[PDB]
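Here's work_20.cif, which has mmCIF, C-alpha atoms:
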data_data
#
loop_
_atom_site.label_atom_id
_atom_site.label_comp_id
_atom_site.auth_asym_id
_atom_site.auth_seq_id
_atom_site.Cartn_x
_atom_site.Cartn_y
_atom_site.Cartn_z
CA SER G 1 113.12 121.06 48.56
CA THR G 2 110.85 118.04 48.66
CA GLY G 3 111.14 114.26 48.66
CA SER G 4 108.78 111.46 47.64
CA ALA G 5 109.35 107.76 48.18
CA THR G 6 107.23 104.67 47.75
CA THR G 7 106.71 102.50 50.81
CA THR G 8 105.94 98.78 50.32
CA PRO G 9 104.47 96.17 52.69
CA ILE G 10 107.01 93.55 53.76
CA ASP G 11 104.50 90.70 53.57
CA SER G 12 100.92 89.76 52.73
CA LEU G 13 99.63 90.99 56.12
CA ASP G 14 101.11 94.52 55.99
CA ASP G 15 103.12 93.67 59.13
CA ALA G 16 105.37 96.63 58.31
CA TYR G 17 106.39 98.84 55.38
CA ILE G 18 109.84 99.41 53.89
CA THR G 19 111.06 102.47 52.06
CA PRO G 20 114.33 102.63 50.10
CA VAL G 21 116.90 105.05 51.53
CA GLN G 22 120.21 106.09 49.96
CA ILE G 23 123.13 106.28 52.40
CA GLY G 24 126.69 107.35 51.63
CA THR G 25 128.78 108.02 48.54
CA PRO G 26 128.44 106.17 46.26
CA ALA G 27 124.89 105.47 47.40
CA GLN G 28 124.17 102.33 49.42
CA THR G 29 120.44 101.66 49.23
CA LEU G 30 118.87 100.11 52.31
CA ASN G 31 115.19 99.37 52.88
CA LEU G 32 114.18 101.03 56.14
CA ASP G 33 111.09 100.91 58.32
CA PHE G 34 109.94 104.52 58.71
CA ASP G 35 108.80 104.80 62.30
CA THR G 36 106.88 107.84 63.59
CA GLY G 37 107.09 106.26 67.06
CA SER G 38 110.88 106.49 67.47
CA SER G 39 113.71 108.86 66.67
CA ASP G 40 116.80 106.84 65.71
CA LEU G 41 117.96 106.14 62.17
CA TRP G 42 119.79 102.84 62.57
CA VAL G 43 121.02 100.25 60.11
CA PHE G 44 122.34 96.78 59.79
CA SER G 45 126.00 97.28 58.94
CA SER G 46 129.45 95.83 58.39
CA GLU G 47 129.81 96.15 62.19
CA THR G 48 126.75 94.02 63.05
CA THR G 49 127.57 90.73 64.83
CA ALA G 50 127.70 88.27 61.93
CA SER G 51 125.47 85.66 63.57
CA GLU G 52 122.76 88.34 63.91
CA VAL G 53 122.66 89.13 60.19
CA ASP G 54 120.41 86.91 58.05
CA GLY G 55 119.65 88.31 54.62
CA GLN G 56 119.62 92.04 55.36
CA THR G 57 121.44 94.55 53.22
CA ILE G 58 124.18 96.19 55.27
CA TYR G 59 125.66 99.67 55.33
CA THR G 60 129.46 99.62 55.04
CA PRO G 61 130.80 103.00 56.18
CA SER G 62 134.35 102.20 54.99
CA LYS G 63 133.03 102.17 51.40
CA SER G 64 131.47 105.62 51.71
CA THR G 65 133.66 108.62 50.98
CA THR G 66 131.35 110.90 52.97
CA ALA G 67 131.11 108.70 56.11
CA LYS G 68 132.77 109.98 59.29
CA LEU G 69 132.83 108.29 62.67
CA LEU G 70 130.97 110.36 65.25
CA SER G 71 133.69 109.82 67.79
CA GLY G 72 132.57 108.53 71.17
CA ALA G 73 128.89 108.32 70.28
CA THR G 74 126.90 105.19 71.10
CA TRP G 75 123.21 104.30 70.95
CA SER G 76 120.90 101.71 72.43
CA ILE G 77 117.17 101.39 71.95
CA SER G 78 114.35 99.17 73.15
CA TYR G 79 110.98 99.14 71.42
CA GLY G 80 107.49 98.54 72.78
CA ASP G 81 107.46 95.05 71.31
CA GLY G 82 110.52 94.07 73.35
CA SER G 83 113.00 94.19 70.48
CA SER G 84 116.26 96.13 70.70
CA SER G 85 119.48 97.17 69.00
CA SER G 86 122.64 99.13 69.78
CA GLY G 87 125.96 100.25 68.35
CA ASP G 88 128.02 103.28 67.36
CA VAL G 89 127.43 106.25 65.05
CA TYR G 90 128.61 107.70 61.75
CA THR G 91 127.53 110.84 60.01
CA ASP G 92 126.87 110.51 56.29
CA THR G 93 124.73 111.76 53.44
CA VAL G 94 121.21 110.31 53.47
CA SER G 95 118.59 110.77 50.75
CA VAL G 96 114.94 109.77 50.73
CA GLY G 97 112.95 110.08 47.53
CA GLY G 98 115.29 112.74 46.15
CA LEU G 99 115.58 114.77 49.37
CA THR G 100 119.14 114.89 50.68
CA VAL G 101 120.46 115.55 54.17
CA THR G 102 124.18 115.94 54.74
CA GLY G 103 125.68 115.14 58.12
CA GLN G 104 122.84 112.83 59.15
CA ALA G 105 123.53 110.59 62.12
CA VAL G 106 123.50 107.01 60.84
CA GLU G 107 123.47 104.65 63.78
CA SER G 108 125.41 101.51 62.96
CA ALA G 109 124.20 98.35 64.70
CA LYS G 110 126.72 96.21 66.52
CA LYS G 111 123.94 94.14 68.05
CA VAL G 112 120.29 93.49 67.15
CA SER G 113 117.68 91.35 68.90
CA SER G 114 116.34 88.17 67.35
CA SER G 115 113.19 89.76 65.89
CA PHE G 116 115.34 91.99 63.70
CA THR G 117 117.64 89.17 62.61
CA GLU G 118 114.63 87.05 61.72
CA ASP G 119 113.19 89.74 59.48
CA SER G 120 115.33 89.69 56.35
CA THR G 121 113.27 92.40 54.66
CA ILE G 122 114.04 95.25 57.13
CA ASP G 123 117.55 96.72 56.90
CA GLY G 124 116.98 99.19 59.71
CA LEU G 125 114.69 101.91 61.02
CA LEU G 126 114.28 105.59 60.19
CA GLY G 127 112.74 107.40 63.15
CA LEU G 128 110.28 110.25 62.59
CA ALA G 129 109.16 111.03 66.13
CA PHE G 130 110.63 114.08 67.90
CA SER G 131 114.38 114.29 68.29
CA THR G 132 114.06 114.46 72.08
CA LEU G 133 113.63 110.65 71.98
CA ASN G 134 116.84 110.02 70.08
CA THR G 135 119.08 107.63 72.05
CA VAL G 136 122.54 108.75 70.93
CA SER G 137 124.88 109.50 73.84
CA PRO G 138 126.56 111.69 74.96
CA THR G 139 125.34 114.06 72.22
CA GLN G 140 121.72 113.51 71.20
CA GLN G 141 121.18 113.54 67.44
CA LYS G 142 118.46 114.89 65.16
CA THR G 143 116.07 112.86 63.03
CA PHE G 144 116.19 112.95 59.25
CA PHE G 145 113.03 115.11 59.25
CA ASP G 146 114.44 117.52 61.82
CA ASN G 147 117.62 117.92 59.74
CA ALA G 148 115.68 118.36 56.48
CA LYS G 149 113.08 120.74 57.91
CA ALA G 150 114.54 124.15 57.21
CA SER G 151 115.23 123.17 53.58
CA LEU G 152 111.74 121.82 52.95
CA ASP G 153 109.17 123.84 51.06
CA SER G 154 106.83 123.28 54.02
CA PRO G 155 107.86 121.71 57.35
CA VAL G 156 105.75 118.58 56.95
CA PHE G 157 105.82 114.97 55.94
CA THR G 158 102.88 112.77 55.00
CA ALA G 159 102.17 109.07 55.37
CA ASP G 160 99.92 107.40 52.83
CA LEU G 161 100.09 103.70 53.66
CA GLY G 162 98.43 101.14 51.42
CA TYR G 163 96.20 98.23 52.33
CA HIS G 164 97.91 95.19 50.79
CA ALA G 165 99.57 97.63 48.38
CA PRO G 166 102.38 100.18 48.13
CA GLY G 167 101.92 103.74 49.37
CA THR G 168 103.93 106.92 49.73
CA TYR G 169 105.92 109.03 52.18
CA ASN G 170 106.23 112.66 51.05
CA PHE G 171 108.47 115.30 52.60
CA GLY G 172 107.92 119.01 52.28
CA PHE G 173 104.55 119.13 50.52
CA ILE G 174 100.96 117.93 50.73
CA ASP G 175 99.79 116.06 47.60
CA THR G 176 96.23 117.35 47.18
CA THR G 177 95.50 114.52 44.69
CA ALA G 178 96.21 111.81 47.30
CA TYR G 179 93.08 112.23 49.44
CA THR G 180 89.35 112.91 49.21
CA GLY G 181 87.48 115.70 50.97
CA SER G 182 89.35 117.94 53.37
CA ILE G 183 92.15 117.36 55.88
CA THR G 184 91.11 117.76 59.52
CA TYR G 185 93.92 118.96 61.75
CA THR G 186 94.18 118.19 65.45
CA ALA G 187 96.49 119.27 68.25
CA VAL G 188 99.68 117.41 69.14
CA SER G 189 101.47 117.11 72.46
CA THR G 190 105.20 116.59 72.18
CA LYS G 191 105.62 116.13 75.95
CA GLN G 192 106.46 112.42 75.60
CA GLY G 193 108.32 112.87 72.30
CA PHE G 194 105.58 111.29 70.18
CA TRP G 195 103.00 112.52 67.68
CA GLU G 196 100.47 112.34 70.50
CA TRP G 197 96.90 113.48 69.91
CA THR G 198 93.34 112.97 71.19
CA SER G 199 90.74 111.17 69.11
CA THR G 200 87.19 112.35 69.72
CA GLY G 201 85.59 108.90 69.78
CA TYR G 202 84.68 105.74 67.93
CA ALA G 203 81.99 103.63 66.30
CA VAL G 204 81.76 99.90 65.64
CA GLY G 205 80.35 98.95 62.27
CA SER G 206 77.11 100.79 61.54
CA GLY G 207 76.69 101.56 65.25
CA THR G 208 76.25 104.97 66.80
CA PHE G 209 79.30 107.11 67.43
CA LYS G 210 80.53 107.25 71.02
CA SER G 211 81.95 110.67 71.88
CA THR G 212 84.91 110.07 74.15
CA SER G 213 88.49 111.38 74.33
CA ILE G 214 91.14 108.81 73.45
CA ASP G 215 94.73 110.00 73.85
CA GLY G 216 97.15 108.10 71.64
CA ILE G 217 100.13 108.23 69.29
CA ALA G 218 100.28 108.11 65.51
CA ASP G 219 102.84 105.35 65.02
CA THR G 220 103.74 104.05 61.57
CA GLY G 221 106.14 101.58 63.18
CA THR G 222 103.43 99.67 65.04
CA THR G 223 101.36 97.21 63.02
CA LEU G 224 98.08 97.17 64.93
CA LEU G 225 95.58 99.53 66.55
CA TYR G 226 95.87 99.47 70.36
CA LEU G 227 92.98 101.06 72.26
CA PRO G 228 91.46 100.98 75.78
CA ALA G 229 90.06 97.63 76.86
CA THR G 230 86.51 99.06 76.97
CA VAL G 231 86.69 100.12 73.30
CA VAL G 232 88.27 96.89 72.15
CA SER G 233 85.74 94.75 74.02
CA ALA G 234 82.90 96.73 72.38
CA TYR G 235 84.41 96.00 68.96
CA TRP G 236 84.99 92.26 69.37
CA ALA G 237 81.58 91.75 70.98
CA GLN G 238 80.17 92.32 67.48
CA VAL G 239 82.07 89.33 66.05
CA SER G 240 80.52 85.92 66.74
CA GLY G 241 83.03 83.67 68.47
CA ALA G 242 85.68 86.34 69.09
CA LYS G 243 87.52 86.17 72.37
CA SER G 244 90.67 87.28 74.11
CA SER G 245 93.18 84.47 74.31
CA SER G 246 95.92 84.71 76.92
CA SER G 247 97.72 81.83 75.18
CA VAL G 248 97.81 83.65 71.85
CA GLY G 249 98.33 87.12 73.30
CA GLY G 250 95.17 88.97 72.34
CA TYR G 251 91.83 88.88 70.59
CA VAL G 252 91.25 86.11 68.09
CA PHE G 253 88.19 85.43 65.96
CA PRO G 254 86.88 82.68 63.70
CA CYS G 255 88.47 82.92 60.29
CA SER G 256 84.95 82.38 58.88
CA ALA G 257 83.85 85.77 60.27
CA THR G 258 83.04 88.92 58.38
CA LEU G 259 84.54 91.77 60.42
CA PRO G 260 82.74 95.06 61.05
CA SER G 261 84.41 98.36 60.27
CA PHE G 262 85.82 100.58 63.03
CA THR G 263 85.48 104.36 62.93
CA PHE G 264 87.66 106.82 64.87
CA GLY G 265 87.07 110.52 65.36
CA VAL G 266 89.42 113.34 64.40
CA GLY G 267 87.72 116.48 65.63
CA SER G 268 84.30 116.45 63.98
CA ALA G 269 85.64 114.26 61.14
CA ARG G 270 85.53 110.47 60.93
CA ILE G 271 88.03 107.92 59.60
CA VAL G 272 86.57 104.52 58.71
CA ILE G 273 88.76 101.44 58.95
CA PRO G 274 87.19 98.71 56.80
CA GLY G 275 86.68 95.36 58.47
CA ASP G 276 89.14 93.63 56.13
CA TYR G 277 91.96 95.86 57.48
CA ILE G 278 91.38 94.30 60.91
CA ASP G 279 92.05 90.71 59.71
CA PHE G 280 95.61 89.52 60.42
CA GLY G 281 94.98 85.98 59.36
CA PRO G 282 95.48 82.57 60.95
CA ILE G 283 97.34 82.57 64.25
CA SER G 284 99.44 79.74 62.84
CA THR G 285 99.60 78.22 59.39
CA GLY G 286 96.37 76.38 58.62
CA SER G 287 94.53 77.49 61.76
CA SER G 288 90.89 78.50 61.66
CA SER G 289 91.54 80.99 64.45
CA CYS G 290 92.50 84.42 63.08
CA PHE G 291 94.33 87.26 64.83
CA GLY G 292 92.60 90.59 65.35
CA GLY G 293 93.97 93.93 64.21
CA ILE G 294 92.46 95.88 67.09
CA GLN G 295 93.93 94.94 70.46
CA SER G 296 93.95 96.23 74.01
CA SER G 297 96.50 98.85 75.04
CA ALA G 298 96.12 97.86 78.70
CA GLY G 299 99.62 97.30 80.06
CA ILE G 300 101.31 99.17 77.18
CA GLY G 301 100.64 102.39 79.02
CA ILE G 302 99.65 104.27 75.87
CA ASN G 303 97.10 103.98 73.06
CA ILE G 304 98.67 103.43 69.63
CA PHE G 305 97.16 104.39 66.29
CA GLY G 306 99.34 102.03 64.31
CA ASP G 307 99.25 100.98 60.68
CA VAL G 308 95.75 99.43 60.87
CA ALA G 309 94.40 102.93 61.61
CA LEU G 310 96.85 105.06 59.66
CA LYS G 311 96.51 103.11 56.39
CA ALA G 312 92.80 104.08 56.29
CA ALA G 313 93.84 107.75 56.02
CA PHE G 314 96.09 110.27 54.38
CA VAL G 315 98.08 111.56 57.38
CA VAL G 316 99.92 114.88 57.69
CA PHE G 317 102.70 115.17 60.24
CA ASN G 318 103.00 118.95 60.56
CA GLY G 319 106.33 119.87 62.13
CA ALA G 320 105.69 123.62 62.26
CA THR G 321 106.68 125.46 65.46
CA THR G 322 103.40 124.26 66.94
CA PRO G 323 103.08 120.75 65.55
CA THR G 324 99.76 119.25 64.51
CA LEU G 325 98.40 116.11 62.84
CA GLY G 326 96.06 116.06 59.88
CA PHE G 327 93.83 113.22 58.73
CA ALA G 328 91.86 112.88 55.51
CA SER G 329 89.91 110.03 53.97
CA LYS G 330 91.28 108.65 50.71
#

Represent the structure of the file as structure tokens.
Amino acid sequence: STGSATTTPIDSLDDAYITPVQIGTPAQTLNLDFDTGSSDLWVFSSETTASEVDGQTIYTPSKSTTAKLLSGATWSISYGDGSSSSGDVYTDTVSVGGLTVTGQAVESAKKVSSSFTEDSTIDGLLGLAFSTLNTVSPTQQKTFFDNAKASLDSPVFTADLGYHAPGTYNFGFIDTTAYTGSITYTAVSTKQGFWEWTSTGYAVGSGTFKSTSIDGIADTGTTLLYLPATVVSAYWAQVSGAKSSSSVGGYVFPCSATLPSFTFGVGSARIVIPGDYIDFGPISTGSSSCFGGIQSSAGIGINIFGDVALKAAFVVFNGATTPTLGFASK
């Protein structure tokens, strides 16, 4: 089997991407944030505290003939941005882009933090990291990808995120028309439960490439590119007037600037992030100070190749017995 679904930016900045997902019988379609940095499929639901729901589409298990309470199971998750959610668990039929999993754990939110409430466009998350991170207790549950894997033509999914445009998540096949050149594959460590890999270096604009190992995670659920303070300082030093602002919470730059590109290494290959991808616009409405798309990972504890990086590439998440990551230009 295979699946193919379009993923669409939630706003004009590409702050996140939503992908329609069919849950239950008859289908209830929710728009979920596919997140390769976590491993819980959770939804706004009929059980979510009413005051914490503001415009989201909810899953109502009582209206699904295939829903079953997973008795005794609870979940609770906290994300790197400080947001959180928790609740109980149902199993139900879940389909993405024509690919169907029966008996998928659908984690129903009883509580969500304010950031989720305030984002009316995201009806929940669909985790695509390794199932070892799943938070369901006392019986840990499998991700949608893990459940689908044996049925897939090939044990892979791909992320093809657009810049200010829709893109595609494919399951079970590599679309050879979706990228240019060849795909370069690189080793993955699953020790922390992430799609963790080591970039071979970077360049700023037309500058020379610096060969250096940068361990990080491929995370579709993180908006920006978070790299070591040395790397980030070298980037922003090439932008007149750019500075790190403690008040704002990172690097800002004059909105009048033209940003240089940023290149990252994948083995001997190179992925170029155009300068425009690094512009996240005014810090507040009408401001002439703009927020940077490359930020320091210092104090996160991990480097994160988020959407800013991933959307410059066609990315293969290879879930074979020895997982790997592939990157191609597009």

Apply the PyMOL selection byres ((chain G and resi 213) around 8) to the displayed file and report the matching residues as a ChimeraX atom specification. /G:198-201,211-212,214-215

Here is a test: counting only C-alpha atoms, which residue of G:15, G:192, G:23, G:109 is nearest to residue 132 in chain G?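 Looking at the shortest contact to residue 132 in chain G, the residue is G:192.
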
I'd like the neighbourhood of range 146-159 of chain G as a PyMOL selection string, where a residue qualifies if any of its atoms comes within 7 Å (using all atoms listed in the file), though same-chain residues fewer than 5 positions away should be ignored. chain G and resi 1-2+101+168-174+314-320

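The two atoms in question, CA of residue 273 in chain G and CA of residue 123 in chain G, are spaced 29.2 Å apart.
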
Could you tell me how far CA of residue 117 in chain G lies from CA of residue 9 in chain G, in Å and to one decimal? 17.9 Å

Hits of the PyMOL selection byres ((chain G and resi 285-297) around 9) in this structure, as an NGL selection string: :G and (223-233 or 235-236 or 242 or 248 or 250-256 or 277-284 or 298-304 or 308)
